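A single chain comes next, written as structure tokens; it is the form deposited in one PDB entry.
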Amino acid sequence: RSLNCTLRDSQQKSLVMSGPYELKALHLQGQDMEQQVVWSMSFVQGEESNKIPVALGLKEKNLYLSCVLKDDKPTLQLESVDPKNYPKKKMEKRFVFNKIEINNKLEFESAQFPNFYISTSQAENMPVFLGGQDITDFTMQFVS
């Protein structure tokens, strides 16, 4: 099961590629919006509640957000996967985020690293990371 969408932070910053395996966030409006990443948010197995477990993959690309230790700290990366095996329901835990609806916003908690969240900086054109000054609330926009 999946939804096609874009995500913006609570400062209306869009998400764009930073190199092949990272994302950055910045203020896009008009024609430059086409720069933004389009996601396939898949609804995967995992504990749920009225926290929904999801995976965040680039739509039609075999690249998924995932949470790993890098320099011994929880780190957000885009990770290549075998296109014959994805998407799937039972995604590996590094790829799972608990989607939380709070105050008409969304937060994405790492399933591998409890209470670490997809975050953006206030400053322009900085990496999206795993983590209050920083931003952890998003809105979703559906796309066809």
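Numbering starts at 1 and runs along the sequence shown.
- The entry shows a gap from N50 to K51, with 1 to 3 unmodelled residues of the deposited sequence in between.
- According to the entry, the deposited sequence places 4 to 9 unmodelled residues between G131 and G132.
- As the entry records it, the average C-alpha temperature factor is higher for 19-27, out of 6-14 and 19-27.
- In this entry, 30-38 shows the higher mean Cα temperature factor of the pair 111-119 and 30-38.
- When the C-alpha B factors of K70, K93, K99, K59 are read from the deposited coordinates, the top value falls at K70.
- Sorting the modelled residues of the chain by their CA temperature factor places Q45 in the highest third.
- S66 sits in the lowest third of its chain by CA B factor, as recorded in the PDB entry.
Note that the form deposited with a partner chain bound isn't included here; everything after this is about it.
- Although the partner is absent here, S119 sits far enough away that none of its heavy atoms falls within 4.5 Å of its partner chain in the deposited complex.
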